[PDB]
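Trainee: What follows is a structure written as structure tokens; I'll ask about it next.
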Amino acid sequence: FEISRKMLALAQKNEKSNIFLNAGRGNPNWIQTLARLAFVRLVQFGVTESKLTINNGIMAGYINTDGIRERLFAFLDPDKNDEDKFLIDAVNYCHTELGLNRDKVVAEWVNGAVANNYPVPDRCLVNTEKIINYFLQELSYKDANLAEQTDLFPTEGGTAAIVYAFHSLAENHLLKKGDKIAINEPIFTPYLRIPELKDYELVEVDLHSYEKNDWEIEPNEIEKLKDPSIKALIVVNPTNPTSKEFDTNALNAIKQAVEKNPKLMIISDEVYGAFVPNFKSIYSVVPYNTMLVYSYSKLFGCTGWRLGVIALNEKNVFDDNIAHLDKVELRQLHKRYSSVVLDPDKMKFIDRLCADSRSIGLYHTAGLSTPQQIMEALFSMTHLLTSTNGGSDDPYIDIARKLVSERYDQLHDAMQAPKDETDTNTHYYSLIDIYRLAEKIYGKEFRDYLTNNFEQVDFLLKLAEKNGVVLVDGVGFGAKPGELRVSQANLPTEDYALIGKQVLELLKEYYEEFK
Amino acid sequence: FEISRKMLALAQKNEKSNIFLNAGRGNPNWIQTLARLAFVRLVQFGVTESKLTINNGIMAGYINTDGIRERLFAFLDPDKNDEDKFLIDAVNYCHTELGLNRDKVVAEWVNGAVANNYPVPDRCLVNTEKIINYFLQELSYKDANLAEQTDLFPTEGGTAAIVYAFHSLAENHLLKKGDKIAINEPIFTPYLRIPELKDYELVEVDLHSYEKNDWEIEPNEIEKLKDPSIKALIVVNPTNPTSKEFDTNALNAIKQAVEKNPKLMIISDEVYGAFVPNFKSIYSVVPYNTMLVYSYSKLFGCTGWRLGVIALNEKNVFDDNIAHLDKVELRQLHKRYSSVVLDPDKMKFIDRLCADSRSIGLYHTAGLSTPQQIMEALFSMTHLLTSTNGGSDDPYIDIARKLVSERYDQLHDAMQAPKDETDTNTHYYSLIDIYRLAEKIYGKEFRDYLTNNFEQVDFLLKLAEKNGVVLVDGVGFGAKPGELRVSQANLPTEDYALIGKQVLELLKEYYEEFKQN
């Protein structure tokens, strides 16, 4: 699965386009402000607190937990600053709704923001974990009450989450050479470039319901999924770049596959979940069997913070499958982890993920930075405080959905391209068939000439020229031929209608050349 | 190795003590405030900027680079805020001393603090690289002009750096099963618990000059180090917990080892260098053969930020050793990196480190968070703006050295323990021979009785009992029997004389019991 040599070369002309072209991710041009500014205040307050113990030039000291809430509340000015009012409300919420001690929460956030200590414990800060658990539940579990039975491991984005997942599955003999794994259409190729995937046999599954059937999944795709040899199902839900969440038939098919094979392991990458109304996590459907990979990146516009989370149920299939390995393998895993833990046989996979991430020896200084964890906690709190529709929505979320949909409509109306307006489209990316569009406007003869004579780089360099730029960030091509791929995250809203019209100009210009 | 089960059990009674007891690190109880407060301001300013493009509820937009420096300076209030004056001074220095464009440096710091974009490039932000390169040079390279020819890869602490380092050495066939690697005494055991190290033969090397010899290194230690079979040298300099930088003799020996074997690979973990005057980095002595691992953690009181840096010379031994591998090994490495880069055969090791860290496929969203990189940039600027003694010192560094040295003296004077007041001691940790101390005060019969039935855990529990705590954080034991290990980073300065005075009390109680029976 090598990246197009041409797309790699095109990125040399403008590296800013490299992530969308070659990594396949749309970087948002919006940010959420509230958590970012709340973080600032925690640091300011913490520095002030620290000078009470040591105060020498630019050196301060340490912070005492006793009475910290009272001192923070006194330091804040909720009448002047929205961040300050948010900090008080968030701490009080943690107390009244989550049952947490206000001093411990404030101390965690302040020490965490100031960043004066190694992450303790290694896997996740204790108050933060409870916050993220409840946030994930509101956001994506619907009526599944799992927040109290779920363990979390914050990571350096969903990027680090996936790298750690694959490594720990290999190290723990859960994925072995020759194992068959199911992946959802369209396969997110950056994941397939992880070297170890070459040792596994990959099976692409299409769980969409077609009119071909009585609006149901192809029997053949169902059998591929329910194959007793599929050891793990790795999915991106909603999909990149097709932008669709799994509907009821797809979620039912998955639950049936687990009913059939209780040992099935599932990793679900759900970063785009919040962009669809009434999102239902795969973890909420089959929690025993699922590793949930969440990323704050796209909703909150914090791709630079590297904020991901791995979620596992306290009772799960990864731990049970390790328990059913051969004494020989179990004896190798006993030794692997005994160097650093007293009872390695009962060490949970969520903790092995953390040990594995720093090669066992450096496990006791493992963990995501405390500033990243507090950022995760604060973004999480903005939601917990303002959620609607059972936890699915919040005012910021509503704005984010409207922003990507407006960009999408703008592009599609300007280009006269077919729109998907269902509640299952995130509208984060668009895939437009330029060949079908060229045939509609000019005819079959032009399409064939275009099909035979189309170079994607020439197209993108001509588009860049129309906009007086070297290369347009957020426009490229999908896996299929003549399938234009656009991100509604990357450009200013007003650029979308403009790109749409520019594409029709290019197609005319190609038609006049054809003649 | 294996962590001691008793110490691991002792930790489960006060988890706060685990990092020191079992990971061997003293978490500082001080912080630098300036870089932290300046970061804060960049976020405030960047949110303000972001609201110029999109402003809807708690959603803002993006930041335009043109004119950003002028807008930042107008936003700040240097007359009121020390952070603000620093930000202006820091930016102007980048311009006049580093020759950087101010809108670009400002846009890099603000976009970076707001954290609105993936790290680009993946390995290191361009301006931050130059800033950190010059900071490292000042702090540890002395007269070696290497800042313009060094490549940096910021990591999630020296913890991540070491992990990435060993992994990439294995992936690139530079360290193979059965290879012999030299390590400096005392060995840092958490590194030895990396699984792949089970497969290499580890040689401990002692580069201390003794009275036994003519105040020079033992001949058998120089033999071991210069052994043609040693493929790599892995060192913590200055050492933890011995807290000593390599002297001239030790640095000469390493330079001679490199002359004798030009393919020798060195990894030098120099997190404690700023704690000794006139520190001389190994990278500054033998730059072609050395990978430098630095951490901002201990000096800046930022262990929570997770700020590490890997440094390699643009022309290094790692890249050369890779170019001299088999046709079959080179072909495998080609296929490895070709999925993500056009010219894999010429991909530098520093870049391979970054690509390997995210298992090849996720290389284009690899790299350290931009807030972390900007924090490294800001801590670097604090020093560059205020450095003295050729770059080695600065006012904050002079305060940190004084703090650990004061806690060290307090401890030793209280306990009547012998001190090392040399220019080579960081004073970060102390190792005090309790058996020797017991003999001096009460005689050999008592020493022998103590040695025969001394239990470390019960001694630590009695010490905590005296302080009204479950377990004292920053007090434990070294590798040798009867050597108390203390961190001058963990406790208030007032606690040090108190601890030493309590160790003497505990020895007296042991002596009274010895005598009673």
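Going through the structure tokens in order, the chains are called A, B, and so on, while each chain numbers its residues from 1 and the ligands are numbered from 1 in the order shown.
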Would you pick out the contacts of residue 467 (chain B) at 12 Å or less, using only C-alpha atoms, so that residues sharing its chain but fewer than 2 positions from it are not included, and give the list as a list in words?
Mentor: residues 460, 461, 462, 463, 464, 465, 469, 470, 471, 472, 473, 495, 496, 498, 499, 501, 502 and 503 of chain B
Trainee: DSSP says alpha helix (DSSP H) for which residues of region 217-401 of chain B? Put them as number ranges by chain?
Mentor: B: 219-226, 248-260, 282-285, 297-300, 317-323, 327-337, 349-357, 370-384, 395-401
Trainee: Tell me which protein, DNA and RNA residues are within 7 Å of region 85-100 of chain A, counting only C-alpha atoms, leaving out same-chain ones fewer than 5 positions away, and put them as a list in words.
Mentor: residues 38, 73, 78, 105 and 381 of chain A
Trainee: Excluding residue 447 (chain A) and any residue of its chain fewer than 5 positions from it, enumerate the residues within 7 Å of it, using only C-alpha atoms, and give them as a list in words.
Mentor: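 Near neighbours after the sequence-gap exclusion: residues 435, 438 and 439 of chain A.
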Trainee: If you keep N, CA, C and O atoms, can you produce a file of those selected residues as a PDB file, in the first residue's frame?
Mentor:
```pdb
ATOM      1  N   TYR A 435     -15.991  12.313 -13.267  1.00  0.00           N
ATOM      2  CA  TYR A 435     -16.238  11.599 -14.512  1.00  0.00           C
ATOM      3  C   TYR A 435     -17.729  11.505 -14.810  1.00  0.00           C
ATOM      4  O   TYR A 435     -18.128  11.668 -15.966  1.00  0.00           O
ATOM      5  N   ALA A 438     -18.760  15.101 -15.706  1.00  0.00           N
ATOM      6  CA  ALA A 438     -18.285  15.437 -17.069  1.00  0.00           C
ATOM      7  C   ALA A 438     -19.116  14.784 -18.189  1.00  0.00           C
ATOM      8  O   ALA A 438     -19.240  15.335 -19.301  1.00  0.00           O
ATOM      9  N   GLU A 439     -19.661  13.604 -17.894  1.00  0.00           N
ATOM     10  CA  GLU A 439     -20.521  12.854 -18.818  1.00  0.00           C
ATOM     11  C   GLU A 439     -21.906  13.480 -18.912  1.00  0.00           C
ATOM     12  O   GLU A 439     -22.495  13.529 -19.987  1.00  0.00           O
TER      13      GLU A 439
END
```
Trainee: From a DSSP pass on the backbone, collect the residues of region 143-227 of chain A flagged as strand (DSSP E) and hand them back as a PDB file with N, CA and C atoms, in the first residue's frame.
Mentor:
```
ATOM      1  N   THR A 150     -15.544   1.356  32.667  1.00  0.00           N
ATOM      2  CA  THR A 150     -14.635   1.612  31.549  1.00  0.00           C
ATOM      3  C   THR A 150     -13.320   2.215  32.047  1.00  0.00           C
ATOM      4  N   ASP A 151     -12.223   1.690  31.512  1.00  0.00           N
ATOM      5  CA  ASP A 151     -10.870   2.118  31.817  1.00  0.00           C
ATOM      6  C   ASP A 151     -10.357   2.918  30.631  1.00  0.00           C
ATOM      7  N   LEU A 152      -9.606   3.994  30.911  1.00  0.00           N
ATOM      8  CA  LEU A 152      -9.098   4.867  29.872  1.00  0.00           C
ATOM      9  C   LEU A 152      -7.565   5.015  29.873  1.00  0.00           C
ATOM     10  N   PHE A 153      -7.009   5.175  28.668  1.00  0.00           N
ATOM     11  CA  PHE A 153      -5.568   5.378  28.452  1.00  0.00           C
ATOM     12  C   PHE A 153      -5.417   6.480  27.406  1.00  0.00           C
ATOM     13  N   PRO A 154      -5.219   7.732  27.878  1.00  0.00           N
ATOM     14  CA  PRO A 154      -4.925   8.882  27.030  1.00  0.00           C
ATOM     15  C   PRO A 154      -3.586   8.725  26.267  1.00  0.00           C
ATOM     16  N   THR A 155      -3.619   9.128  25.003  1.00  0.00           N
ATOM     17  CA  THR A 155      -2.546   8.955  24.064  1.00  0.00           C
ATOM     18  C   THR A 155      -2.299  10.209  23.257  1.00  0.00           C
ATOM     19  N   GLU A 156      -1.167  10.205  22.580  1.00  0.00           N
ATOM     20  CA  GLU A 156      -0.740  11.310  21.741  1.00  0.00           C
ATOM     21  C   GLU A 156      -1.528  11.271  20.397  1.00  0.00           C
ATOM     22  N   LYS A 180      -6.286 -13.360  10.097  1.00  0.00           N
ATOM     23  CA  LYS A 180      -7.173 -12.658   9.209  1.00  0.00           C
ATOM     24  C   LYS A 180      -7.896 -11.531   9.967  1.00  0.00           C
ATOM     25  N   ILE A 181      -7.884 -10.331   9.387  1.00  0.00           N
ATOM     26  CA  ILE A 181      -8.549  -9.193  10.007  1.00  0.00           C
ATOM     27  C   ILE A 181      -9.531  -8.523   9.019  1.00  0.00           C
ATOM     28  N   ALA A 182     -10.720  -8.183   9.523  1.00  0.00           N
ATOM     29  CA  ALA A 182     -11.748  -7.492   8.741  1.00  0.00           C
ATOM     30  C   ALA A 182     -11.583  -5.961   8.929  1.00  0.00           C
ATOM     31  N   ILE A 183     -11.638  -5.223   7.821  1.00  0.00           N
ATOM     32  CA  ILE A 183     -11.575  -3.743   7.819  1.00  0.00           C
ATOM     33  C   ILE A 183     -12.752  -3.219   7.019  1.00  0.00           C
ATOM     34  N   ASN A 184     -13.334  -2.104   7.452  1.00  0.00           N
ATOM     35  CA  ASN A 184     -14.469  -1.512   6.741  1.00  0.00           C
ATOM     36  C   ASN A 184     -14.091  -0.656   5.514  1.00  0.00           C
ATOM     37  N   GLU A 201      -3.671 -11.238   6.935  1.00  0.00           N
ATOM     38  CA  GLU A 201      -4.458 -11.249   5.702  1.00  0.00           C
ATOM     39  C   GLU A 201      -5.658 -10.311   5.918  1.00  0.00           C
ATOM     40  N   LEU A 202      -5.730  -9.236   5.120  1.00  0.00           N
ATOM     41  CA  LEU A 202      -6.759  -8.189   5.258  1.00  0.00           C
ATOM     42  C   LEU A 202      -7.991  -8.471   4.407  1.00  0.00           C
ATOM     43  N   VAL A 203      -9.168  -8.398   5.010  1.00  0.00           N
ATOM     44  CA  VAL A 203     -10.441  -8.631   4.288  1.00  0.00           C
ATOM     45  C   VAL A 203     -11.287  -7.339   4.420  1.00  0.00           C
ATOM     46  N   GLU A 204     -11.565  -6.703   3.274  1.00  0.00           N
ATOM     47  CA  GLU A 204     -12.359  -5.474   3.200  1.00  0.00           C
ATOM     48  C   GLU A 204     -13.834  -5.857   3.200  1.00  0.00           C
ATOM     49  N   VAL A 205     -14.589  -5.283   4.130  1.00  0.00           N
ATOM     50  CA  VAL A 205     -16.020  -5.548   4.263  1.00  0.00           C
ATOM     51  C   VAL A 205     -16.848  -4.267   3.960  1.00  0.00           C
ATOM     52  N   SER A 209     -26.172  -0.870   3.069  1.00  0.00           N
ATOM     53  CA  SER A 209     -27.399  -1.492   2.570  1.00  0.00           C
ATOM     54  C   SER A 209     -27.799  -0.869   1.225  1.00  0.00           C
ATOM     55  N   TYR A 210     -27.941  -1.725   0.217  1.00  0.00           N
ATOM     56  CA  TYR A 210     -28.237  -1.315  -1.146  1.00  0.00           C
ATOM     57  C   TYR A 210     -29.655  -1.672  -1.580  1.00  0.00           C
ATOM     58  N   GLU A 216     -30.739  -4.087   2.221  1.00  0.00           N
ATOM     59  CA  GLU A 216     -29.962  -4.846   3.183  1.00  0.00           C
ATOM     60  C   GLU A 216     -28.535  -5.135   2.741  1.00  0.00           C
ATOM     61  N   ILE A 217     -27.697  -5.516   3.708  1.00  0.00           N
ATOM     62  CA  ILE A 217     -26.282  -5.787   3.444  1.00  0.00           C
ATOM     63  C   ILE A 217     -26.142  -7.043   2.592  1.00  0.00           C
TER      64      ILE A 217
END
```
Trainee: Can you pull out every residue within 8 Å of residue 279 (chain A), counting only C-alpha atoms, but drop anything in the same chain fewer than 2 positions away, and send it as a PyMOL selection string?
Mentor: chain A and resi 139-142+245+273-274+276-277+281+392
Trainee: Within 10 Å of residue 243 (chain B), counting only C-alpha atoms, which residues qualify if same-chain residues fewer than 5 places away don't, as number ranges by chain?
Mentor: B: 186, 236-238, 272-273, 275-276, 424-431
Trainee: What does the distance between CA of residue 164 (chain B) and CA of residue 355 (chain B) come to in Å, to one decimal place?
Mentor: 10.0 Å
Trainee: I want to know what sits within 10 Å of residue 120 (chain A), based on only C-alpha atoms, with residues of the same chain fewer than 3 positions away left out; could you give that as a list in words?
Mentor: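 Here the qualifying residues turn out to be residues 117, 123, 124, 125, 126, 364, 365, 366, 367 and 370 of chain A; 15, 16, 18, 19 and 304 of chain B.
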Trainee: Using only C-alpha atoms, can you tell me which of B:291, B:404, B:342, B:146 comes closest to chain A?
Mentor: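 Answer, going by the shortest atom-to-atom distance: B:342.
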Trainee: Which one is closest to residue 17 (chain A): B:323, B:8, B:120, B:3? Count only C-alpha atoms.
Mentor: B:120
